[PDB]
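These notes concern the structure reproduced below.
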Amino acid sequence: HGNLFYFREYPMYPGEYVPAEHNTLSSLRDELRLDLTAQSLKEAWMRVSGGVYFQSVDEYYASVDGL
Amino acid sequence: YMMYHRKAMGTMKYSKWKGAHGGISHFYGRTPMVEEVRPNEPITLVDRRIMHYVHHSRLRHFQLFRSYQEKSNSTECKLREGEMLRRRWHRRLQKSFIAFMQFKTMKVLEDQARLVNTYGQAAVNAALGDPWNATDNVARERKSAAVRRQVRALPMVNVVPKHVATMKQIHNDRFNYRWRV
Amino acid sequence: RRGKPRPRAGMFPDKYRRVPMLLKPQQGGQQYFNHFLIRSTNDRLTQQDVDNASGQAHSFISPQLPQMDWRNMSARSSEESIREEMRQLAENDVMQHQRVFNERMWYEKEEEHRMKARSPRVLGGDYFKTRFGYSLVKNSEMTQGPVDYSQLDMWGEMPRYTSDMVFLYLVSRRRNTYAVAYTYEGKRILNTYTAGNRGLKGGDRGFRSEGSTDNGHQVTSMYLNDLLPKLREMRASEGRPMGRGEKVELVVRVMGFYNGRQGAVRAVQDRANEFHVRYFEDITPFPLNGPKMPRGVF
Amino acid sequence: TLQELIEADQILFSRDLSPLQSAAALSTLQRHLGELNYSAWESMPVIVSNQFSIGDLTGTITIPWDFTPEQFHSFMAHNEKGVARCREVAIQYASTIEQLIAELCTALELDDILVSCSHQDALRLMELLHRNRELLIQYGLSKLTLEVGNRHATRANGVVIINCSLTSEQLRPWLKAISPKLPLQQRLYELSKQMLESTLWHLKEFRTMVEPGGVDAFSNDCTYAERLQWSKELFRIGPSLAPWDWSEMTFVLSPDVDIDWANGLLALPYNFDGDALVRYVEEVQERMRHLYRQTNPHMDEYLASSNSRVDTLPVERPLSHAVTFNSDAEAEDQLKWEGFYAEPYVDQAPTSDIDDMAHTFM
Amino acid sequence: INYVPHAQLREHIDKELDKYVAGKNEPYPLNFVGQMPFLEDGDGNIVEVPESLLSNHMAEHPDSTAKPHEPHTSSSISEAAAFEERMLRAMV
Amino acid sequence: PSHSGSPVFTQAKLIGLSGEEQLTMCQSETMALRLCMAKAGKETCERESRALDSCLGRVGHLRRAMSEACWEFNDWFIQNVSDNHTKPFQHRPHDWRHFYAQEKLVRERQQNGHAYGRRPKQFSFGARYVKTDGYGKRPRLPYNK
Amino acid sequence: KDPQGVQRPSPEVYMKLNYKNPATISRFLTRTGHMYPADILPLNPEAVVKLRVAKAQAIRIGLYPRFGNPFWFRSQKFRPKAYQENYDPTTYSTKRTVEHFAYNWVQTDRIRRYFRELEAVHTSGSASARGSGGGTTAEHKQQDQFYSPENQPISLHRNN
């Protein structure tokens, strides 16, 4: 499902800025980023492995059941 | 009798209404609102929006208050100054609420940024509904149609409060059963 | 009880407070759970077999090596590649107010794109200084060039009247409501129909519903249904007879801010099967300062 | 009346009968058979035939040629229920067609959607358009009158014609093909509307001033420029023809000039010399009640009401409610005034008792 | 700025009254309220009315002939506009 | 909480919960359901009901979030926005006597320093038009008489 | 920034605010023809005196009606519009802010719900792929493998 109502983006607060070199508009059809960063790795994992996420490596090992 | 007097436009054997009606009438120069009713816009909704306007503007209140009974200039000044002071105090009170709601909006935006950090920017866009599965133009056209229909803004006017006719009508602009001085 | 109203059932404690939660309701049918689980597994296996026949249930891994992309690395190390990457970096380094993907923003940009699809010497600062009028043009915020006369004529919003429309006055008062109908010349077609005239005034729901929407609706509906044959016969006598099931053009003029207004307009819309309303106007004598009104109790 | 159907040609007349006999039947029917027809057979076309029969195509019946008024009344009284059912189904069909057209016109912000083909196929086309409504908004198809026909073409007056048979896969190429022609259609339509209102005003002013027997400019297929020029010329010559009464003659548009004096006809071209015409004018200078009672036993126990004079007992007509609601507020108002949101409690003591208690307390 | 002299008073008055004569080849100037009032012929008779006030004029008093005044279309300003308008008229 | 020494009678009106000034949400689906239930149709529109319920399922969580936000706002207001019935009220005309005293002082200074807090005499509705010659029509200042 | 009210109208509006033009008079006049209170629309003192004198002159001459404005619809473009889509930080009303707060909170809830349902779908798919017997542990197969209020219960509510 979608959303109850649609509004524009909230105004930027004073002193608030999008972090530098961060692509705020990156779709899942975009090309994989060549760099090896946290955001790029998470996007690649979502793209190639589905929506599986784990809050910790212990959670991942528990899901993988003894590896 | 004034046109707004209690015994104005009375229907009696001896009473003949003053003024000419129809076409260029007595109200021809005194009509405050004229709207050309058009098909697909019901006259009931037109009247509802007009009544909501004249109620939310606190204008029917003054009209009834000055028309039905006679109130001294001192009483009118007292009431108007009390209303102005109460409105100013309420604005001062509501400014704090607006500021705190802006702070809560900042907290919500920070939580959204936390979700972005923990999931990935592209994943968050997809969860927000990015057209990343729109292989053909029809797939994005469906969502464009949905948002186009949602943009349609129906009149936001609401039902006006009723008028309560209390005994002896101590206050004539009274619209609620709550007692007032 | 002791001459007192009986309390609502909410005040009484739970009627079934002395039964276990598993009893209400009972979850019988445990023996079917294993059978249904095995049935679900079997049918899911059958559906999986159907899907595998439709396509392929195969996955594989591509063992990529890092030394192979030295051509890409050498291409990126070039000055031109660095230049275009830095051009993109500078282009995106500008202030960005878009936090995340927004459906509103996407819809607006797509709408503008589809609308587009459907559709010497520079003046100097000294010249601008000597041109005093151009400074006012800069911040004029007033229409420039050709201007439509629809924003200049003072009768554009005013109603357009015709000799045939019947003007229906709907007066609403504190304890009364009445409707009358006049022609363009001002002749009163039918006698006034007030709440007292029709008997609603002074009965049940006294002093409270006299000016209510219900009484106003009733009196207005009765007045319209009595006026329609009267209007027909008046026009026939005048010599401009009504057509075969013609819509009678009605100009509604309503006065009064009491409750006898919504009922009147609803009655007009309910009788709009023949009374085609063309214009709606409201009239109210807003008091500025006049003769002393009768004194209130206060 | 009865001449309106003949003039509009909406009345259907089978030609299987003899010409002279049919002409005689028409001559006698226009004299005596016109009166008994009620105000619904104008909308419901009657088919002339050899014998009387109600049914067949929905909303239509067949009456026989050379039919006496007495026999017509007897047949109507005998098949009173069937004629009532046919009228009801025809009215339902008309209301459904109008509602179906309105729900699309209001949604698309158009002016009118005319039809000339089978309504059942027009319903398919209209429901397809309703499903694909937002794609029309995406394209430039707006504020344009539409026609439903069989041939894919556009008219020079600003309207466009769409075939009844059209599917989803064939709609998109059609939209892409007609998109470049839309902007011309809007300007053509607005100019045509302005010229039509101007010429209608000119014709009504001509009628008011000259007081003639009639003006007919839409009979011939002539362009809007010619029609406007003719109307302006007539309005100009109205004051010059004012001293003479033309109520006996009808002014009509025709590519040839024809002035009749034995008959009341004046056919004029779009470009005619008004001063020359003025110069020419200057140079000239019981059993039925028993049958009804026996056949239908309701008329003897139900009274009617006069439509001209107001009776001593006024009876309210049933109210009319909109079949389509544009707004949720309108739907809510409809439910409120239908009593859907009303408490099912039944009044047993009125507020008058409370008011009397208050008065006594005072 | 030239004041109206006593000698030329009648000529100035006649020009002011004939500023609206219901017939011209040039657009009529607007009044002080930026509106196009009724075009009056000689000897004080209203003969042209703008379309905005046409319905009210014909409703207040019937059998008062008045051709609906149309402003002079602008063709000298831009010739291409004149050709476009003529082509639109031909295409109807 | 008592802003400017006056307790807040209701804080739910500020939120808008259970009040006239509510928030419109899923109005398209609400309109569709209302139209479907208003039309005669053939069956009850359980499909429209399911659509509306799927749209408004998160309304309960949103209301809980706004209620807890309102409670936190009340806590912050008690912390530092108000005085807890300490300062005099500022919502009635007789709590602003100084401003009206200044107005009266200005008028008195204007009228030669004679009449303080005095208003011109009332005049008839058509006093300037029905009174004969020799009688004052336009009312004068209380000092001018 | 201008609470007293001396910011509006524009100087050209001051110039044009004459009796002859009712269009600009209707801009700062209510629908019924009354003047806005200073609490609602704080015009300049010069603006209000000009408006009242122009309205009096126009009413006396006949250029303006005694009640209402014939340019209320045409003055809407000049009147500022508070778009619901675009938020204004300094809005007088608190509902226009609480609606945006609710919008942002609903977006965050949508993110959380989408990710949690994706996790549930992936876990169910992995369990089905590994097999009912292979995937489920002995404890789950022995105890959790029954109907319960959490596992496919009958309707726990009356009047069904």
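Residue numbers start at 1 in each chain; chains themselves are named A, B, ... in the order of the structure tokens; ligands are numbered from 1 in the order shown.
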Might you pull out every residue within 9 Å of stretch 27-33 of chain E, with only C-alpha atoms counted and same-chain residues fewer than 3 positions away left off, and present them as a ChimeraX atom specification? /C:152-154 /E:19-20,24,36-37,71-74 /G:20-22,63
Write a file of the selected residues as a PDB file, in the first residue's frame, keeping N, CA, C and O atoms.
ATOM      1  N   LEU C 152     -10.555  43.618 -15.290  1.00  0.00           N
ATOM      2  CA  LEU C 152     -10.812  45.047 -15.184  1.00  0.00           C
ATOM      3  C   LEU C 152     -12.289  45.396 -15.113  1.00  0.00           C
ATOM      4  O   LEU C 152     -12.644  46.370 -14.447  1.00  0.00           O
ATOM      5  N   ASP C 153     -13.153  44.638 -15.784  1.00  0.00           N
ATOM      6  CA  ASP C 153     -14.583  44.903 -15.700  1.00  0.00           C
ATOM      7  C   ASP C 153     -15.099  44.576 -14.304  1.00  0.00           C
ATOM      8  O   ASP C 153     -14.702  43.579 -13.696  1.00  0.00           O
ATOM      9  N   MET C 154     -15.985  45.427 -13.793  1.00  0.00           N
ATOM     10  CA  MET C 154     -16.514  45.266 -12.447  1.00  0.00           C
ATOM     11  C   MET C 154     -17.852  44.538 -12.423  1.00  0.00           C
ATOM     12  O   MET C 154     -18.450  44.396 -11.353  1.00  0.00           O
TER      13      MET C 154
ATOM     14  N   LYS E  19     -16.087  61.359 -28.265  1.00  0.00           N
ATOM     15  CA  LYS E  19     -15.081  60.328 -28.030  1.00  0.00           C
ATOM     16  C   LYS E  19     -15.681  58.926 -28.091  1.00  0.00           C
ATOM     17  O   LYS E  19     -14.969  57.961 -28.391  1.00  0.00           O
ATOM     18  N   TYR E  20     -16.978  58.792 -27.820  1.00  0.00           N
ATOM     19  CA  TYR E  20     -17.707  57.535 -27.994  1.00  0.00           C
ATOM     20  C   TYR E  20     -18.820  57.777 -29.012  1.00  0.00           C
ATOM     21  O   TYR E  20     -19.845  58.383 -28.684  1.00  0.00           O
ATOM     22  N   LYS E  24     -15.778  53.372 -35.220  1.00  0.00           N
ATOM     23  CA  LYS E  24     -14.394  53.799 -35.365  1.00  0.00           C
ATOM     24  C   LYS E  24     -13.602  52.682 -36.024  1.00  0.00           C
ATOM     25  O   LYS E  24     -14.029  51.525 -36.058  1.00  0.00           O
ATOM     26  N   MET E  36     -15.100  49.469 -20.545  1.00  0.00           N
ATOM     27  CA  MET E  36     -15.639  49.846 -21.847  1.00  0.00           C
ATOM     28  C   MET E  36     -17.131  50.111 -21.705  1.00  0.00           C
ATOM     29  O   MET E  36     -17.938  49.172 -21.773  1.00  0.00           O
ATOM     30  N   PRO E  37     -17.549  51.360 -21.506  1.00  0.00           N
ATOM     31  CA  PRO E  37     -18.979  51.642 -21.334  1.00  0.00           C
ATOM     32  C   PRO E  37     -19.751  51.545 -22.639  1.00  0.00           C
ATOM     33  O   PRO E  37     -19.188  51.182 -23.677  1.00  0.00           O
ATOM     34  N   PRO E  71     -14.600  45.004 -29.576  1.00  0.00           N
ATOM     35  CA  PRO E  71     -13.408  45.842 -29.735  1.00  0.00           C
ATOM     36  C   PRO E  71     -12.710  45.576 -31.060  1.00  0.00           C
ATOM     37  O   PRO E  71     -12.697  44.454 -31.569  1.00  0.00           O
ATOM     38  N   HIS E  72     -12.137  46.637 -31.621  1.00  0.00           N
ATOM     39  CA  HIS E  72     -11.408  46.529 -32.877  1.00  0.00           C
ATOM     40  C   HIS E  72     -10.210  45.604 -32.710  1.00  0.00           C
ATOM     41  O   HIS E  72      -9.353  45.834 -31.852  1.00  0.00           O
ATOM     42  N   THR E  73     -10.156  44.558 -33.529  1.00  0.00           N
ATOM     43  CA  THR E  73      -9.061  43.603 -33.447  1.00  0.00           C
ATOM     44  C   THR E  73      -7.754  44.250 -33.885  1.00  0.00           C
ATOM     45  O   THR E  73      -7.725  45.074 -34.802  1.00  0.00           O
ATOM     46  N   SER E  74      -6.667  43.870 -33.220  1.00  0.00           N
ATOM     47  CA  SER E  74      -5.359  44.469 -33.457  1.00  0.00           C
ATOM     48  C   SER E  74      -4.658  43.706 -34.574  1.00  0.00           C
ATOM     49  O   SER E  74      -4.350  42.519 -34.429  1.00  0.00           O
TER      50      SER E  74
ATOM     51  N   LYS G  20     -11.261  54.888  -7.665  1.00  0.00           N
ATOM     52  CA  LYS G  20     -11.656  54.539  -9.024  1.00  0.00           C
ATOM     53  C   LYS G  20     -11.502  53.049  -9.301  1.00  0.00           C
ATOM     54  O   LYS G  20     -12.256  52.492 -10.107  1.00  0.00           O
ATOM     55  N   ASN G  21     -10.547  52.390  -8.656  1.00  0.00           N
ATOM     56  CA  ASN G  21     -10.318  50.968  -8.885  1.00  0.00           C
ATOM     57  C   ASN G  21     -10.821  50.155  -7.704  1.00  0.00           C
ATOM     58  O   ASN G  21     -10.182  50.159  -6.640  1.00  0.00           O
ATOM     59  N   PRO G  22     -11.945  49.444  -7.833  1.00  0.00           N
ATOM     60  CA  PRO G  22     -12.380  48.547  -6.755  1.00  0.00           C
ATOM     61  C   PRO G  22     -11.605  47.242  -6.694  1.00  0.00           C
ATOM     62  O   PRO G  22     -11.699  46.536  -5.680  1.00  0.00           O
ATOM     63  N   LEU G  63     -19.397  53.612  -7.243  1.00  0.00           N
ATOM     64  CA  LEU G  63     -18.475  52.666  -7.862  1.00  0.00           C
ATOM     65  C   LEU G  63     -18.308  51.383  -7.059  1.00  0.00           C
ATOM     66  O   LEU G  63     -17.819  50.389  -7.607  1.00  0.00           O
TER      67      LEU G  63
END
Who sits within 12 Å of residue D:40, only C-alpha atoms, same chain under 4 positions skipped, as a ChimeraX atom specification: /C:244-245 /D:1-2,5,36,44-46,59-60,83-84,86-88,90-91
Do you have, as a tab-separated table, the list of residues of chain D lying at most 10 Å from chain B, each with its nearest atom pair and that distance in Å to one decimal, counting only C-alpha atoms and ordered by chain then number?
residue	atom	partner	partner_atom	distance
D:102	CA	B:40	CA	9.2
D:103	CA	B:40	CA	9.9
D:106	CA	B:40	CA	7.0
D:107	CA	B:40	CA	9.9
D:132	CA	B:145	CA	9.2
D:133	CA	B:145	CA	8.6
D:134	CA	B:145	CA	5.4
D:135	CA	B:145	CA	7.4
D:137	CA	B:145	CA	8.9
D:138	CA	B:145	CA	8.5
D:322	CA	B:42	CA	9.8
D:324	CA	B:40	CA	9.1
D:325	CA	B:40	CA	8.1
D:326	CA	B:40	CA	6.4
D:327	CA	B:154	CA	6.9
D:328	CA	B:154	CA	8.1
D:329	CA	B:45	CA	7.6
D:330	CA	B:45	CA	7.0
D:333	CA	B:44	CA	8.3
D:355	CA	B:167	CA	9.3
D:358	CA	B:167	CA	8.8
D:359	CA	B:167	CA	9.0
D:362	CA	B:167	CA	9.9
Enumerate, in order of chain and increasing residue number, the residues of chain C with an atom no farther than 8 Å from chain G, each with its shortest atom pair and distance in Å to one decimal, counting only C-alpha atoms, as JSON lines.
{"residue": "C:24", "atom": "CA", "partner": "G:156", "partner_atom": "CA", "distance": 7.5}
{"residue": "C:25", "atom": "CA", "partner": "G:156", "partner_atom": "CA", "distance": 6.2}
{"residue": "C:27", "atom": "CA", "partner": "G:154", "partner_atom": "CA", "distance": 6.8}
{"residue": "C:29", "atom": "CA", "partner": "G:147", "partner_atom": "CA", "distance": 7.8}
{"residue": "C:30", "atom": "CA", "partner": "G:146", "partner_atom": "CA", "distance": 6.0}
{"residue": "C:33", "atom": "CA", "partner": "G:146", "partner_atom": "CA", "distance": 5.9}
{"residue": "C:34", "atom": "CA", "partner": "G:145", "partner_atom": "CA", "distance": 7.6}
{"residue": "C:41", "atom": "CA", "partner": "G:132", "partner_atom": "CA", "distance": 7.2}
{"residue": "C:140", "atom": "CA", "partner": "G:12", "partner_atom": "CA", "distance": 7.0}
{"residue": "C:151", "atom": "CA", "partner": "G:74", "partner_atom": "CA", "distance": 6.6}
{"residue": "C:152", "atom": "CA", "partner": "G:23", "partner_atom": "CA", "distance": 7.5}
{"residue": "C:154", "atom": "CA", "partner": "G:70", "partner_atom": "CA", "distance": 6.3}
{"residue": "C:155", "atom": "CA", "partner": "G:70", "partner_atom": "CA", "distance": 7.2}
{"residue": "C:157", "atom": "CA", "partner": "G:70", "partner_atom": "CA", "distance": 6.0}
{"residue": "C:158", "atom": "CA", "partner": "G:70", "partner_atom": "CA", "distance": 6.7}
What does the file look like for those residues with C-alpha atoms, as a PDB file, in the first residue's frame?
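result_23.pdb, written as the output of this step:
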ATOM      1  CA  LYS C  24     -13.118 -17.964  25.535  1.00  0.00           C
ATOM      2  CA  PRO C  25     -13.004 -18.981  22.815  1.00  0.00           C
ATOM      3  CA  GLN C  27      -9.328 -23.523  20.178  1.00  0.00           C
ATOM      4  CA  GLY C  29      -9.275 -28.770  16.301  1.00  0.00           C
ATOM      5  CA  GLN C  30      -5.651 -29.346  17.262  1.00  0.00           C
ATOM      6  CA  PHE C  33      -3.064 -28.784  12.494  1.00  0.00           C
ATOM      7  CA  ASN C  34      -0.509 -31.424  11.498  1.00  0.00           C
ATOM      8  CA  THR C  41       3.719 -28.548   2.342  1.00  0.00           C
ATOM      9  CA  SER C 140       6.665  45.756  -9.682  1.00  0.00           C
ATOM     10  CA  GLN C 151      -9.815  41.417 -14.507  1.00  0.00           C
ATOM     11  CA  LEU C 152     -10.812  45.047 -15.184  1.00  0.00           C
ATOM     12  CA  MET C 154     -16.514  45.266 -12.447  1.00  0.00           C
ATOM     13  CA  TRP C 155     -19.563  43.291 -13.639  1.00  0.00           C
ATOM     14  CA  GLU C 157     -18.529  38.329 -11.347  1.00  0.00           C
ATOM     15  CA  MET C 158     -21.967  39.944 -11.111  1.00  0.00           C
TER      16      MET C 158
END
DSSP on the backbone, helix (DSSP H, G or I) only: what residues of chain A does that give? Format it as a ChimeraX atom specification. /A:38-49,57-64
Let me see the file: selected residues, N, CA, C and O atoms, as a PDB file, in the first residue's frame.
ATOM      1  N   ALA A  38      29.836   1.660   3.404  1.00  0.00           N
ATOM      2  CA  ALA A  38      28.715   1.037   4.102  1.00  0.00           C
ATOM      3  C   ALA A  38      27.426   1.169   3.302  1.00  0.00           C
ATOM      4  O   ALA A  38      26.692   0.191   3.120  1.00  0.00           O
ATOM      5  N   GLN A  39      27.136   2.375   2.810  1.00  0.00           N
ATOM      6  CA  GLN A  39      25.913   2.587   2.042  1.00  0.00           C
ATOM      7  C   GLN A  39      25.924   1.777   0.753  1.00  0.00           C
ATOM      8  O   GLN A  39      24.919   1.148   0.397  1.00  0.00           O
ATOM      9  N   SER A  40      27.053   1.778   0.039  1.00  0.00           N
ATOM     10  CA  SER A  40      27.139   1.027  -1.207  1.00  0.00           C
ATOM     11  C   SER A  40      26.970  -0.466  -0.962  1.00  0.00           C
ATOM     12  O   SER A  40      26.268  -1.150  -1.715  1.00  0.00           O
ATOM     13  N   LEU A  41      27.605  -0.990   0.089  1.00  0.00           N
ATOM     14  CA  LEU A  41      27.476  -2.410   0.394  1.00  0.00           C
ATOM     15  C   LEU A  41      26.053  -2.768   0.794  1.00  0.00           C
ATOM     16  O   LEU A  41      25.545  -3.822   0.400  1.00  0.00           O
ATOM     17  N   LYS A  42      25.393  -1.917   1.581  1.00  0.00           N
ATOM     18  CA  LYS A  42      24.011  -2.198   1.955  1.00  0.00           C
ATOM     19  C   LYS A  42      23.096  -2.180   0.736  1.00  0.00           C
ATOM     20  O   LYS A  42      22.213  -3.036   0.600  1.00  0.00           O
ATOM     21  N   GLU A  43      23.298  -1.218  -0.169  1.00  0.00           N
ATOM     22  CA  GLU A  43      22.499  -1.177  -1.389  1.00  0.00           C
ATOM     23  C   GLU A  43      22.733  -2.416  -2.245  1.00  0.00           C
ATOM     24  O   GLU A  43      21.781  -3.006  -2.770  1.00  0.00           O
ATOM     25  N   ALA A  44      23.995  -2.826  -2.393  1.00  0.00           N
ATOM     26  CA  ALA A  44      24.298  -4.019  -3.177  1.00  0.00           C
ATOM     27  C   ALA A  44      23.692  -5.265  -2.544  1.00  0.00           C
ATOM     28  O   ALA A  44      23.185  -6.145  -3.249  1.00  0.00           O
ATOM     29  N   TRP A  45      23.752  -5.365  -1.214  1.00  0.00           N
ATOM     30  CA  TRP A  45      23.158  -6.503  -0.522  1.00  0.00           C
ATOM     31  C   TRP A  45      21.652  -6.543  -0.727  1.00  0.00           C
ATOM     32  O   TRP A  45      21.082  -7.609  -0.979  1.00  0.00           O
ATOM     33  N   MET A  46      20.991  -5.388  -0.637  1.00  0.00           N
ATOM     34  CA  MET A  46      19.558  -5.339  -0.904  1.00  0.00           C
ATOM     35  C   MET A  46      19.254  -5.747  -2.340  1.00  0.00           C
ATOM     36  O   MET A  46      18.281  -6.464  -2.600  1.00  0.00           O
ATOM     37  N   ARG A  47      20.081  -5.301  -3.287  1.00  0.00           N
ATOM     38  CA  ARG A  47      19.816  -5.571  -4.696  1.00  0.00           C
ATOM     39  C   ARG A  47      20.006  -7.045  -5.040  1.00  0.00           C
ATOM     40  O   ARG A  47      19.189  -7.626  -5.762  1.00  0.00           O
ATOM     41  N   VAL A  48      21.070  -7.668  -4.532  1.00  0.00           N
ATOM     42  CA  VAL A  48      21.449  -9.001  -4.991  1.00  0.00           C
ATOM     43  C   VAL A  48      21.039 -10.121  -4.039  1.00  0.00           C
ATOM     44  O   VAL A  48      21.065 -11.294  -4.440  1.00  0.00           O
ATOM     45  N   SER A  49      20.666  -9.804  -2.801  1.00  0.00           N
ATOM     46  CA  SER A  49      20.341 -10.822  -1.815  1.00  0.00           C
ATOM     47  C   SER A  49      18.934 -10.690  -1.258  1.00  0.00           C
ATOM     48  O   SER A  49      18.571 -11.448  -0.351  1.00  0.00           O
ATOM     49  N   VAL A  57      26.038  -9.802  13.621  1.00  0.00           N
ATOM     50  CA  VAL A  57      26.635 -10.995  13.035  1.00  0.00           C
ATOM     51  C   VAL A  57      26.201 -12.239  13.797  1.00  0.00           C
ATOM     52  O   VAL A  57      26.113 -13.328  13.218  1.00  0.00           O
ATOM     53  N   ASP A  58      25.927 -12.110  15.097  1.00  0.00           N
ATOM     54  CA  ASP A  58      25.368 -13.233  15.840  1.00  0.00           C
ATOM     55  C   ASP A  58      23.993 -13.607  15.303  1.00  0.00           C
ATOM     56  O   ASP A  58      23.663 -14.794  15.189  1.00  0.00           O
ATOM     57  N   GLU A  59      23.181 -12.605  14.955  1.00  0.00           N
ATOM     58  CA  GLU A  59      21.897 -12.882  14.321  1.00  0.00           C
ATOM     59  C   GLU A  59      22.089 -13.570  12.977  1.00  0.00           C
ATOM     60  O   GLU A  59      21.350 -14.502  12.636  1.00  0.00           O
ATOM     61  N   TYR A  60      23.076 -13.123  12.194  1.00  0.00           N
ATOM     62  CA  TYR A  60      23.322 -13.773  10.908  1.00  0.00           C
ATOM     63  C   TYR A  60      23.736 -15.229  11.088  1.00  0.00           C
ATOM     64  O   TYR A  60      23.278 -16.109  10.349  1.00  0.00           O
ATOM     65  N   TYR A  61      24.612 -15.501  12.055  1.00  0.00           N
ATOM     66  CA  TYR A  61      25.048 -16.873  12.302  1.00  0.00           C
ATOM     67  C   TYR A  61      23.898 -17.736  12.809  1.00  0.00           C
ATOM     68  O   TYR A  61      23.783 -18.911  12.438  1.00  0.00           O
ATOM     69  N   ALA A  62      23.033 -17.170  13.654  1.00  0.00           N
ATOM     70  CA  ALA A  62      21.860 -17.907  14.109  1.00  0.00           C
ATOM     71  C   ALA A  62      20.934 -18.235  12.947  1.00  0.00           C
ATOM     72  O   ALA A  62      20.372 -19.334  12.885  1.00  0.00           O
ATOM     73  N   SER A  63      20.755 -17.290  12.021  1.00  0.00           N
ATOM     74  CA  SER A  63      19.928 -17.560  10.849  1.00  0.00           C
ATOM     75  C   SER A  63      20.557 -18.627   9.962  1.00  0.00           C
ATOM     76  O   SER A  63      19.853 -19.497   9.435  1.00  0.00           O
ATOM     77  N   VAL A  64      21.880 -18.579   9.784  1.00  0.00           N
ATOM     78  CA  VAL A  64      22.561 -19.565   8.951  1.00  0.00           C
ATOM     79  C   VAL A  64      22.679 -20.920   9.633  1.00  0.00           C
ATOM     80  O   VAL A  64      23.041 -21.902   8.976  1.00  0.00           O
TER      81      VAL A  64
END
Interface, chain E side, toward chain D (12 Å; only C-alpha atoms) as a count of residues only: 23
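Between atom CA of residue D:34 and atom CA of residue D:289 there is a distance of 20.5 Å.
Relative to atom CA of residue B:117, atom CA of residue A:13 is found at 19.6 Å.
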For chain C, work out the contacting residues on chain D at 6 Å, counting only C-alpha atoms, and write them as an mmCIF file with C-alpha atoms, in the first residue's frame.
data_model
loop_
_atom_site.group_PDB
_atom_site.id
_atom_site.type_symbol
_atom_site.label_atom_id
_atom_site.label_comp_id
_atom_site.auth_asym_id
_atom_site.auth_seq_id
_atom_site.Cartn_x
_atom_site.Cartn_y
_atom_site.Cartn_z
ATOM 1 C CA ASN D 307 -51.681 21.062 -13.226
ATOM 2 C CA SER D 308 -52.853 24.661 -13.808
ATOM 3 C CA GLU D 316 -46.136 17.262 -2.331
ATOM 4 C CA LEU D 319 -38.316 14.632 -4.320
ATOM 5 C CA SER D 320 -35.490 14.027 -6.787
ATOM 6 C CA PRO D 350 -41.611 16.006 22.646
ATOM 7 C CA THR D 351 -39.371 18.886 23.679
ATOM 8 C CA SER D 352 -42.563 20.865 24.329
#
Any chance you could tabulate, as CSV, the residues of chain A at most 8 Å from chain C with each one's nearest atom pair and distance in Å to one decimal, using only C-alpha atoms, in chain and rising number order?
residue,atom,partner,partner_atom,distance
A:6,CA,C:104,CA,6.1
A:7,CA,C:104,CA,6.2
A:8,CA,C:104,CA,5.7
A:9,CA,C:98,CA,6.7
A:11,CA,C:97,CA,7.6
A:12,CA,C:97,CA,6.6
A:17,CA,C:96,CA,7.7
A:18,CA,C:96,CA,6.8
A:20,CA,C:93,CA,7.0
A:21,CA,C:93,CA,7.0
A:24,CA,C:100,CA,5.7
A:25,CA,C:101,CA,6.1
Residues of chain F classed as strand (DSSP E) by DSSP on the backbone are to be reported as number ranges by chain. F: 2-3, 6-7
Take the residues that were just selected and, keeping N, CA and C atoms, output them as an mmCIF file, in the first residue's frame.
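Wrote it out as selection00.cif, contents follow:
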data_model
loop_
_atom_site.group_PDB
_atom_site.id
_atom_site.type_symbol
_atom_site.label_atom_id
_atom_site.label_comp_id
_atom_site.auth_asym_id
_atom_site.auth_seq_id
_atom_site.Cartn_x
_atom_site.Cartn_y
_atom_site.Cartn_z
ATOM 1 N N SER F 2 0.043 25.934 33.842
ATOM 2 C CA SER F 2 -0.725 27.179 33.948
ATOM 3 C C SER F 2 0.070 28.286 33.259
ATOM 4 N N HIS F 3 -0.194 28.484 31.971
ATOM 5 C CA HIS F 3 0.512 29.505 31.211
ATOM 6 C C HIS F 3 0.050 30.893 31.636
ATOM 7 N N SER F 6 -2.562 31.085 34.298
ATOM 8 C CA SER F 6 -3.903 30.587 34.014
ATOM 9 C C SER F 6 -3.821 29.139 33.560
ATOM 10 N N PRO F 7 -4.498 28.209 34.231
ATOM 11 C CA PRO F 7 -4.408 26.802 33.834
ATOM 12 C C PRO F 7 -5.031 26.558 32.469
#
